[PDB]
Amino acid sequence: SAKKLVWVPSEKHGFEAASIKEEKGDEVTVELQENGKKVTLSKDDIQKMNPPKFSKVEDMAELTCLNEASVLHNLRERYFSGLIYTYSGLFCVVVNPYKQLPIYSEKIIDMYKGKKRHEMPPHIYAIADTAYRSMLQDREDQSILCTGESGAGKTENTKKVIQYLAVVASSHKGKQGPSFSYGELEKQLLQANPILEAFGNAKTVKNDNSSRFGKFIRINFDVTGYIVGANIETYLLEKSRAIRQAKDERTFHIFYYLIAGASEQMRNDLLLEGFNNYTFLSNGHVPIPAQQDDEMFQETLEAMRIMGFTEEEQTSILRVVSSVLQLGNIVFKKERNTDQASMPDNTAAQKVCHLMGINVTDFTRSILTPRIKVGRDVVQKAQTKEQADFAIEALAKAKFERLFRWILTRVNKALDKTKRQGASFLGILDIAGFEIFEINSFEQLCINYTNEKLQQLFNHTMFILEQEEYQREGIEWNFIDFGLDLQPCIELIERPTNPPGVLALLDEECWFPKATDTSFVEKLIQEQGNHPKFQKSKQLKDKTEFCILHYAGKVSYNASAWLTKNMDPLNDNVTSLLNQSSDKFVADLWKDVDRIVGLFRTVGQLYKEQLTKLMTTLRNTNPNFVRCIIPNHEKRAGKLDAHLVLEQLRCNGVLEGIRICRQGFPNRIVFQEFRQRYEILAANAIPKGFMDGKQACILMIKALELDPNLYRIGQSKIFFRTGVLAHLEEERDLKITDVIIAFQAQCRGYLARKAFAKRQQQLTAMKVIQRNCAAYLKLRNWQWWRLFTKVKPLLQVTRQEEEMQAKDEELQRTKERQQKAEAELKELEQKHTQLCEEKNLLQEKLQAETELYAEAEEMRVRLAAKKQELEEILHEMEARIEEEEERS
Amino acid sequence: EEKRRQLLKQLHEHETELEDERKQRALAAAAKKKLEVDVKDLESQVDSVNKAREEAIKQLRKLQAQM
Amino acid sequence: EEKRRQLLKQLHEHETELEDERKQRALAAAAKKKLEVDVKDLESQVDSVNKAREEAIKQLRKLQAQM
Amino acid sequence: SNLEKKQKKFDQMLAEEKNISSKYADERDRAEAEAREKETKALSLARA
Ligand SMILES: Nc1ncnc2c1ncn2[C@@H]1O[C@H](COP(=O)(O)OP(=O)(O)O)[C@@H](O)[C@H]1O
Ligand SMILES: [Mg+2]
């Protein structure tokens, strides 16, 4: 082969093939093979070519030489071929095709299930099956993790994984194709996705089906290895956008589906109109490709019916979602003589309060000029046009959060029929991707933050955990660090210790009533100033702009009104009215009012609480990564931007990860397990007498004549290089297969004999049945049978003694049940009176402690007042003594 | 088998509920030990502060007697 | 019936064993709260002692300046 | 290493394959003799 052939950088293709002519100092003269153009590069710039045999090769671990340009070229050729999957040692990378392909069937599912990776081409089914088999064998918990940016395709991987699980994990009822009748819980699970997508996804510049929320599914197994339950967790969503729509972006799909899909009957029931009739709908109607809004409206409702919804609990959702849509039409105009808001379009408010089943008069005045309780007093709040707007928008957010919470609880309660027992579980994580547009507020930052924090978690588990394990076992190994680290950026945002990060400063300046978002950004600039990952305003200090560094590039942020996001202010009067709504559904949604704020908990701290919990689950479980790659930002099939895939691959750290995978020892097993699993291969060499099993392992490894570079012997674990144990296992099983077939023939023989013997009993039974039926069938047309049928009931069977005996027998049983019921009643009565007395005592004691608390707290306040008084008098005395001392 | 399922479910639920209580015991014991260390530290602070106070009073009285 | 007897015995024994653990939780929580009160009391002692010390130093410096 | 282990294995396996081949030749000739015996039996039965 021509050793002068090399990959040279390209503005269009990232890298492209070229040929070296000559070299000079630190440089090489080369000619591009596409056009014959001469150019000079540094000896550090160019990369070694992928040989013909390695073109489109499978696992990156198998490459003759690790080159970014070779990987890029293999990826591009595979994307042109349409084989989207490629392995990277322990994990897999994929790329969004933007077009449907027949890579999925029951035949493929059955082909993959239970087979080893080495015997098969790449597929997500293989990853799902491997996680399932390892979960079953090791009896530990496992997880599947899809990662990539907003357009990168995660939802298609997730859709395939839960579908695979919903067939492979199913228990058999004893009762072939994709129309197969799955179990009740699998049937709910497969409908949960389209349900949640409708309510939770929207169109963005990045993705037409962009999830506004993060989610985690898990499925629970029994000791046999079959599914017995499931759970669907869902995290905080980008709820702000829904009534503040940027150009060509859409609200939640359900809104468009309702407005388009509703019948005239439904439209009148809900008091709805067509598009562009709503103040909350900026840009008006916005289109979306491939969807059919009416048909989608039908199928989502039908999905809810399959999820066991009544017609009332469907229409009630339609009523509340109509209410948030309509309430935007409550338009305000300010009275210049008083600066208070007024409502010329009171018709809108009347429609809204009707749909909510509350009083129009109170609803109108609680928005325009509310009376709010502030400590001891209940006082008339002065209320501007802007404050009224803010109040109704906040009410819309509250209604939306309550309805989404109801949906998520309702879908989980469908699954919650199952029992609390389980052996282990398999998780599926699906967080919304890296995302950016013309505005960057807090609502995007939390998602972008968790995306990068997940990559930092990967850095630990992939790189650091290995060195720790090798050091623990004390094996012959040498440390290396390629410097993948995000920690300073995490520390800039979070506050585990001082100095205070972004979240802590935002909460602190939010709590102080004199402070504002300008105060927040000023404090951030002053306290974080020259931090390696922080950057001050782009001269636009008046805009309160600031910036932070991320592996996905530096991002500039806009701090406007972040304080209202942390504070979550809401109107107490309308909350009280809605809590006591005429509609039972709305009253249930608004039953809890303890998060009312007329000015509690910080959104950052709330987010941290759920984050640490899920991350602890990710630390306990064994994850399986499946990385997805964005081909282009124009949402186009076939087209691929080299620089996008290059930089995504780079920041994912795959070139570094694959190196340590091949360089180190990925397989590892305890010595006793290694011996007990493979002893058959050295049973004549291994001594029968009791000793350290590692000696027996050494003897076996010597008998196999393995190269000492392929393994390392620790004190407990023996480490091995990729796949050797699985091939030894195959060989060992093949050694056993011959006798297994002989035994299988015997067992199948026994089964056949049993079946045949049963068939003989069935045959003899059938023969006597046939004799009887034929005999009757021949004769039943004879006339005398009618007379026999008239006469027999007058003569035959005395009956009454048998009846009496039966009644007496059942009477004894009923008397026994009575005795037991009366005993149970007495037991419950004894416990009832005890609990009643304990309740009485606790109530009395509680009232006493409440009185004592009141007495203590009032005197505490009094003493604080006297302390302040004495301190003020002392200040006056210090001033006096100074005046005396100056005079003396 | 149904009796087994029921009794095993009961056993599982009752076990996990009280295992959470055992975790609360572990947390309570950790907090107890932490507060015990805090008590010892604060006692050392009181020792030093009181000694410093008494020394300050001694010096005050000495200087007052010298004036 | 034997399965019932065994599972019921196991449930009873495990329940009483973990109820003893719950009593240990109650004791641990009581001790925790007691030590928490002790920490607050000692913190108040440190407050008063430190304030008294600083006042003594102020008076010392004042008198030293007057002499 | 794998190639060396295979080289050793091929030498052993060829010798054993010769043994197996010989065993099949013996069983072939035994089955042929059985065929002749049962053919004689069939002729005797036909004559009878
Ligand atoms: N494996 C796949 N097969 C077919 N189309 C795919 C596949 N993966 C992604 N796509 C295409 O990509 C589009 C967007 O991908 P999506 O799953 O929405 O990405 P993300 O969840 O990262 O936003 C889909 O509408 C679909 O056309
Ligand atoms: Mg998605």
# chains A, B, ... in the order shown; residues from 1 in each chain; ligands from 1
call {"tool": "calpha_fit_rmsd", "arguments": {"fixed": "chain C", "moving": "chain B"}}
result
0.7 Å
call {"tool": "residues_near_ligand", "arguments": {"ligand": "ligand 1", "cutoff": "10 Å", "atoms": "only C-alpha atoms and all ligand atoms", "output": "PDB file with C-alpha atoms, in the first residue's frame"}}
result
ATOM      1  CA  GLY A  82     -28.122   3.877   5.642  1.00  0.00           C
ATOM      2  CA  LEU A  83     -26.600   1.665   8.371  1.00  0.00           C
ATOM      3  CA  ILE A  84     -26.992   4.237  11.169  1.00  0.00           C
ATOM      4  CA  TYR A  85     -25.482   2.117  14.006  1.00  0.00           C
ATOM      5  CA  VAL A  94     -25.982   6.393  16.015  1.00  0.00           C
ATOM      6  CA  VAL A  95     -26.966   9.234  13.642  1.00  0.00           C
ATOM      7  CA  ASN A  96     -30.402  10.732  12.825  1.00  0.00           C
ATOM      8  CA  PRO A  97     -31.583   9.648   9.313  1.00  0.00           C
ATOM      9  CA  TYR A  98     -34.650  12.000   9.257  1.00  0.00           C
ATOM     10  CA  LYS A  99     -36.415   9.253   7.237  1.00  0.00           C
ATOM     11  CA  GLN A 100     -38.134   5.944   8.098  1.00  0.00           C
ATOM     12  CA  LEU A 101     -36.447   2.621   7.226  1.00  0.00           C
ATOM     13  CA  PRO A 102     -37.474  -1.088   7.529  1.00  0.00           C
ATOM     14  CA  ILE A 103     -34.742  -1.895  10.111  1.00  0.00           C
ATOM     15  CA  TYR A 104     -37.406  -3.095  12.630  1.00  0.00           C
ATOM     16  CA  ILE A 124     -30.422  -1.124  19.522  1.00  0.00           C
ATOM     17  CA  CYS A 146     -29.700   8.011  25.261  1.00  0.00           C
ATOM     18  CA  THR A 147     -27.727  11.281  24.846  1.00  0.00           C
ATOM     19  CA  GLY A 148     -27.304  14.034  22.211  1.00  0.00           C
ATOM     20  CA  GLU A 149     -28.576  17.517  21.215  1.00  0.00           C
ATOM     21  CA  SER A 150     -32.218  18.602  20.582  1.00  0.00           C
ATOM     22  CA  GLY A 151     -32.408  17.283  16.990  1.00  0.00           C
ATOM     23  CA  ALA A 152     -30.179  14.207  17.518  1.00  0.00           C
ATOM     24  CA  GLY A 153     -32.945  11.566  17.561  1.00  0.00           C
ATOM     25  CA  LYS A 154     -33.154  10.199  21.147  1.00  0.00           C
ATOM     26  CA  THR A 155     -36.948   9.671  21.104  1.00  0.00           C
ATOM     27  CA  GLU A 156     -36.662   7.134  18.244  1.00  0.00           C
ATOM     28  CA  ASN A 157     -34.125   5.052  20.220  1.00  0.00           C
ATOM     29  CA  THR A 158     -36.344   5.290  23.345  1.00  0.00           C
ATOM     30  CA  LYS A 159     -39.441   4.285  21.326  1.00  0.00           C
ATOM     31  CA  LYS A 160     -37.583   1.182  20.054  1.00  0.00           C
ATOM     32  CA  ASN A 201     -43.767  18.225  23.134  1.00  0.00           C
ATOM     33  CA  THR A 204     -38.608  24.381  17.975  1.00  0.00           C
ATOM     34  CA  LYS A 206     -33.946  22.514  16.467  1.00  0.00           C
ATOM     35  CA  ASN A 207     -36.720  19.874  16.366  1.00  0.00           C
ATOM     36  CA  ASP A 208     -40.399  19.719  15.235  1.00  0.00           C
ATOM     37  CA  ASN A 209     -41.102  17.098  17.951  1.00  0.00           C
ATOM     38  CA  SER A 210     -38.924  18.640  20.701  1.00  0.00           C
ATOM     39  CA  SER A 211     -39.651  17.370  24.238  1.00  0.00           C
ATOM     40  CA  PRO A 289     -45.038  18.952   8.676  1.00  0.00           C
ATOM     41  CA  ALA A 290     -46.108  15.270   8.491  1.00  0.00           C
ATOM     42  CA  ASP A 430     -34.573  10.330  28.309  1.00  0.00           C
ATOM     43  CA  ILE A 431     -33.622  13.949  29.084  1.00  0.00           C
ATOM     44  CA  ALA A 432     -34.231  16.827  26.639  1.00  0.00           C
ATOM     45  CA  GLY A 433     -31.051  17.669  24.710  1.00  0.00           C
ATOM     46  CA  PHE A 434     -28.650  20.603  24.432  1.00  0.00           C
ATOM     47  CA  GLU A 435     -30.725  23.547  23.181  1.00  0.00           C
ATOM     48  CA  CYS A 628     -26.886   9.945  18.963  1.00  0.00           C
ATOM     49  CA  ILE A 629     -25.384  12.418  16.472  1.00  0.00           C
ATOM     50  CA  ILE A 630     -26.914  15.420  14.641  1.00  0.00           C
ATOM     51  CA  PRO A 631     -26.206  15.328  10.854  1.00  0.00           C
ATOM     52  CA  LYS A 635     -33.718  18.711   9.660  1.00  0.00           C
ATOM     53  CA  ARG A 636     -32.738  17.110   6.317  1.00  0.00           C
ATOM     54  CA  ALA A 637     -32.202  13.413   5.403  1.00  0.00           C
TER      55      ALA A 637
END
call {"tool": "interface_residues", "arguments": {"of": "chain C", "to": "chain B", "cutoff": "9 Å", "atoms": "only C-alpha atoms", "output": "ChimeraX atom specification"}}
result
/C:3-4,7-8,10-11,14-15,18-19,21-22,24-26,28-29,31-36,38-39,42-43,45-46,49-50,52-54,56-57,59-60,63-64,67
